[PDB]
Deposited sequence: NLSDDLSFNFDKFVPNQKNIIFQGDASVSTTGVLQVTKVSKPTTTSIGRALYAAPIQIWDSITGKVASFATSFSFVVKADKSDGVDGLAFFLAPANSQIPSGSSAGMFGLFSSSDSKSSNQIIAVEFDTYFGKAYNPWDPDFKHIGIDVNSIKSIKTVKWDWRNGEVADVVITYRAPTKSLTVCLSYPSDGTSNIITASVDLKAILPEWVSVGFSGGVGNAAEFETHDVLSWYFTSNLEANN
């Protein structure tokens, strides 16, 4: 059998196997609101309570993993900020000091420091050159490796209020990370793949989860994840 495999068809208020950081919490309707819904600036992260071994220093083996989740980003106006992200970080990592919504509570700055040890898949809704000079000129899906400045991005045809199903696979033998996104409501689909060597970026033990932010209360939007499936294997 595989090393780890967990599935959440729904979340429950004060779920003991999820570590809530910042404003992240789960509503009475069973959805994980990584960003606070009320109105105000917000940053939040939710991690699975147990660390995962992404690679072994003894055998040299690297883990292959696959995850699936459905999320909704509902903006009041036609646009919102800032985005949501799925990430892998050092075991029991805390939100960095001086982090901002535009960095999804994953980074202290816009530099590419190898000490960050973070790999994330962002669903970036804000790309304003005023605050995020590193972003391309459209809403996007990006593969982030130790920096908020994605190594590869793709146009994200975001649909306001609609549910998006995402499948992310990492195949160790080919160092391939593929992000599969689709909207069952209208058939809109976006995809992106990049090469990433986990052994080169992350430590042996990591924590997986979601993070997100709202930098401007005036351009509010939700960052709700409805369900989450995850498997890893060395």
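Comparing the deposited sequence with the modelled residues, the stretches lacking C-alpha coordinates are 1-2, 41-42, 239-242.
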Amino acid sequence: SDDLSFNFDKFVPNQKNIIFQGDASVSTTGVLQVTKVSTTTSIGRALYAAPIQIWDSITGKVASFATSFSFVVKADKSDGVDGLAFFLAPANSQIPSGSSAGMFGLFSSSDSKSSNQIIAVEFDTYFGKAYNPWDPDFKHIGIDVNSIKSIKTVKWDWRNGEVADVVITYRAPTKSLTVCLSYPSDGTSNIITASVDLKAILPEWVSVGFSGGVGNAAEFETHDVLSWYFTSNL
From here on, numbers count along this sequence of modelled residues.
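In this entry, 110-118 has the higher mean Cα B-factor, the comparison being between 77-85 and 110-118. Stretches compared: 26-34, 172-180. Higher mean C-alpha B-factor in the entry: 26-34.
Comparing C-alpha B-factors across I58, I54, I192, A50 in the deposited entry, the largest value falls on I58. Per the PDB record, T40 has a higher Cα B-factor than any other of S64, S207, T67, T40. In the deposited entry, the Cα temperature factor of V163 sits in the bottom third of values across the chain's modelled residues. In the deposited entry, the Cα temperature factor of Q21 places it in the middle third of its chain's modelled residues.
Annotation for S150: CA B-factor lies in the lowest third of the chain's modelled residues.
Sort the modelled residues of the chain by CA B factor and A217 lands in the middle third. Ranked within its chain, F127 lands in the middle third, by CA B factor from the PDB record.
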